[PDB]
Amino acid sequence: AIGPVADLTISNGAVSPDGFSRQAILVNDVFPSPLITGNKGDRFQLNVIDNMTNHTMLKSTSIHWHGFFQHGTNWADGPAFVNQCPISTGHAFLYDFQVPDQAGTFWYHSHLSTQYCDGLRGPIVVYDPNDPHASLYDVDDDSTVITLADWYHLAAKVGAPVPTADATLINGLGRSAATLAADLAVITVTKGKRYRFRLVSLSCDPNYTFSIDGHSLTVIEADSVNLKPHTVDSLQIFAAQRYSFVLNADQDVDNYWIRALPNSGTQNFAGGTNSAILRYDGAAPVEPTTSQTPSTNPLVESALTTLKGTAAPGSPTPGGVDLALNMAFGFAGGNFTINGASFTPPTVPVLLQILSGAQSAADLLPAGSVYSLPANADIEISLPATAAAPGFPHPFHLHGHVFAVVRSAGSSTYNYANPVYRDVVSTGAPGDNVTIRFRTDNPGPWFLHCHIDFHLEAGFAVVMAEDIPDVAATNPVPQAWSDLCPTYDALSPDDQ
């Protein structure tokens, strides 16, 4: 409803999305953060004006535009100390990038520490005027964006270091155990109409098993990739994932429960917790009294495929790529590790490091956390789950790319012929060996890490330094970008 050219003023204030008041982060003075939209191929110019004054939730900030490849604008990608130094309070910074060849549902959020959990996170839709699925629905607008999110009554830096959510928010609203009368989100449909709902997890941690009483969901997009349509009666959505699904509002006029059950915290719907309302025009303005029927047709990610049936890059056999990497997870010192190394943010961001003359992964800080990738190649990366990295299933996100999921969680099989592609994947439960493949078509340092934010805070990340020799030439930085670091580094710690 704003964008692709817009100011995003970031500030602190009180919010009560579950009827409990707490300080948090506002964007353009509202919580939850407003929807940004654009069309396929647009240039987004988002001027992030940082007016935050609360050091507990961090005064500085950095925004990631989740899903966008940022080709040639890797400086705009957002992650703090990888792609930029944070914007300092009292200053503003323009993200100016383009979205050639991508359309679908995205989102943005702070990518500094666990700040996004404090409320800096909103959806983004990039519409396709020739969407290949346009004929499947009648309505696709601001009122068909559905966000899911976890909500804590204690700030990120105030509660336990891996806290339990007090409430699931759906479109920024929901109930906790002690605010059972708090207002529910209502999503309205007219009988006979077909809806493209764009579901996006802004979660900092839980995954949600999502369903809508008495309705089927035809899933047609996953993480901004067009799918063959695939009807399900429920879907599990991990932190940072998006699905578009067509809902045919063909049921009787009534209220139906929308259900979003987290894998942790409160795991029932007593008193309308974990819920929002799907209201048909004409139905009473009251809660649903509908009942969950067992899901007998849940989304299975190995059954999803791309609209085009695109093969995985490389050749259809394990290790059939230019470079194959294995990410061995562990945990010690109260830090997550990958291949023995815990990510600590470097003081010089990784992008600046390459621009300043780093030539190799070995040069790049932090040591042991950065992988050099060859240019113009196929890569395979295995992310095998283990009990040594507690809080599994961990959802891993690759910045700057879409990837083929050759092997999904809960499956034993490898599909190279027509696997789903997406950009956030569950790495599943011990015994799984989630395996992804992508092409190195995008020079620059790209974060690969766990989208449980409390985990990335605890080191659960690596940097893919893609095509180092071409990073500087492919990503010319604007002067405002070059100015972020000296300004940041001048801050006293209490102002960070």
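For every residue, the number given is its place in the sequence shown, counted from 1.
- In at least a third of the other compared PDB entries of this protein that cover both flanking sides, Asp281 is left without coordinates.
- The deposited model assigns a higher average Cα B-factor to 277-285 than to the other stretch when 277-285 and 235-243 are compared.
- Higher mean CA B-factor, judged across 329-337 and 139-147 from the recorded values: 329-337.
- The top Cα temperature factor in the record, among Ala385, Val405, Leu217, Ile379, falls on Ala385.
- When the Cα B-factors of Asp183, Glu221, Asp128, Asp77 are read from the PDB record, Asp183 comes out highest.
- The deposited CA B-factor of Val424 belongs to the lowest third of values across its chain.
- Compared with the other modelled residues of the chain, the Cα B-factor recorded for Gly459 ranks in the highest third.
- In the deposited entry, the Cα temperature factor of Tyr416 places it in the middle third of its chain's modelled residues.
- Among the modelled residues of its chain, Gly72 has a C-alpha B-factor that falls in the lowest third, as given in the PDB entry.
- In the PDB entry, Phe31 places in the highest third of its chain by CA B-factor.
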